[PDB]
Structure formats: structure tokens, C-alpha cells
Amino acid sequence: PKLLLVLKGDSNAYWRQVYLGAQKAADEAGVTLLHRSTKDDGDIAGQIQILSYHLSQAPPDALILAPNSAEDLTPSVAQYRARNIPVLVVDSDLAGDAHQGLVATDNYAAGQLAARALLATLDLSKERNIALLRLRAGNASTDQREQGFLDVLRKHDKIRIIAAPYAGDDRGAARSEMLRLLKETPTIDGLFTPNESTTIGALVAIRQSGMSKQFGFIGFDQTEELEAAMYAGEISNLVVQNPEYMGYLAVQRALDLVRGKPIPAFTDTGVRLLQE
């Protein structure tokens, strides 16, 4: 068998872990794994181009896709379905029901978790002003993290959501956005950033602004730099997924589809706070 893996891009180190897990499973199975992603996360047009190119020029036995857009990728996936090529979605949900399954974090639950963690960092005897650094509307994973977070906090006594701008897919964009927020906002008491790039961008902005360790800060995903910032007390906690295990299971599920075996509609790959 041959499996085509198309992730969101290369703008997060996260994706290398998903790929490494997928490659481990493909190696164990004795199957060929192709990996083709856009340079940048969020490049919807580029991802659609990769899918159509491989459908025409070198079609796989199954497609494993992390869609950059929950809606804008459905026509691409429907083309695979009409060619009877199974599609397994990884990491971030796809709209509709053209695909055969999902293997991902429960991203809505991860956001609720992040809000609970933030509440635990705050002095809840006073009103607290909260900022959310959103990623990009239509990116299902972060849209769900953002909504789960807001659903815990919106009516919470002593909590005010004072900022929720979109940062975009780039850590440079997240840095620019956070720098503006820090300058323009009177008091930020708590922050949540829903992925690797937004967490790293915000961190760099917080340091450059002389604001380290000043407020509660829940981030998402982990790298050596984020782990260090957390151990230093610059980040209050990180909500972390299991990207290697997710990549590994996505390959196993895709192979089940190739062999005509049933798979769960949703395989939840787990989420946790990195520290107590």
C-alpha cells in the first residue's frame, strides 16, 4: 500500500512529531508513506493544489489529511471519495461527511481544560481581565480550543474577556499582535494562546515588553523553548497533545480503511496539562 500524508504546513515543530509517528507506523506495516505539505500553515490554496496534483499524477491507496480549513477542504476530499480513495482526517476536523474518520485531540475539551487551568492561576478575589490570542477562523482545532475556553469563562464571576484578536498562522504574526495588545490594553491579568505558534509569538512579545511573570499565561503544545519558559515561571502551564501517538494511530486507522475494516468515527488521542 501507499499512503499520502498531507499536514497543515511546516510553521510548527509539532508537525514533525506527527510525521515521525506516522513514519514509525508505516515502517512497522511495511507500507510506503508519502509526506507532502505546504511550507506555511494555513496555506489553504497550496494544500488544495497538493491534493489535486496527487489525485491526478500519483494517487495513493489512502489519504491522511490535516485540513487547513474545515470547509474549504471538503471539495478536495470529496474528489478522493468519488475516486473511492479512503480519507482519514488527522489533528483538525473537516466539515461534512465525505471522510471516513477523525484521529485528533478533543479540541473543545482541551480549551475547557485550558480555561480551568487559567482560573487556577488567578487571584479570583478581584476582577481579572483575560485576553485570548485566536489563530484563524475556520481552522477547526483552534476554533474549538478557543470556544471551549470561552464557554468556561464568559459568565464566570470576576472575569472580563477584554481581547480576542486573530493572530494568524505565523509566530511572527502572533508576536506583532501580542505586542499591540500589551501596549494598548490597560491591564491584562490572564492569557490563553491555543497553539504552538501563538504561544511562542506571545512569549517573545511578553519578554520584549518587560512583562515576564506578570500575569497567568496558559499556552498550548510544547517545544524545548516553551518547556524552558514554563519551568522558568514565564508560562503558567502548557496544554499538550500526543502528536507522535496521533500520527501513529492515523496510519494504523488509514491502513484499516485500505483493508476494508471498520474504524471509529473519532479516535481521541488525549490531552493533559504538562505540569501540576
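Position 1 is the first residue in the sequence shown; the rest follow in order.
Enquirer: If you take the mean CA temperature factor per stretch, which one wins between 141-149 and 201-209?
Expert: Between 201-209 and 141-149, it is 201-209.
Enquirer: Which has the higher mean CA temperature factor in the PDB entry, 192-200 or 157-165?
Expert: Looking at the record's C-alpha B-factors, the answer is 157-165.
Enquirer: For the CA B factor values reported in this entry, which option in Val77, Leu102, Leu181, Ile85 has the top one?
Expert: Reading the PDB entry, the winner on C-alpha B-factor is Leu181.
Enquirer: For the CA B factor values reported in this entry, which option in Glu244, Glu227, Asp40, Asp221 has the top one?
Expert: Each of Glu244, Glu227, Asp40, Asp221 was compared by C-alpha B-factor; the highest is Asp40.
Enquirer: Lowest, middle or highest third: which one holds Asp93 when the chain's residues are ordered by CA B-factor from the entry?
Expert: Answer is middle: the recorded C-alpha B-factor places it there.
Enquirer: Ranking every modelled residue in this chain by its Cα temperature factor as given in the entry, which third contains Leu55?
Expert: It falls in the top third of the chain.
Enquirer: Name the third of the chain's ranked CA B-factors that contains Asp123, choosing lowest, middle or highest.
Expert: As the PDB entry reports it, the C-alpha B-factor of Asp123 lands in the highest third of its chain.
Enquirer: Consider only the C-alpha atoms of the modelled residues in this chain, order them by B-factor as the entry records it, and name the third containing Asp170: lowest, middle or highest.
Expert: CA B-factor rank for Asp170: highest third.
Enquirer: Can you tell me which third, lowest, middle or highest, the CA B-factor of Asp72 falls into for its chain?
Expert: For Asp72, whose C-alpha B-factor we compare with every modelled residue in the chain, the answer is the middle third.
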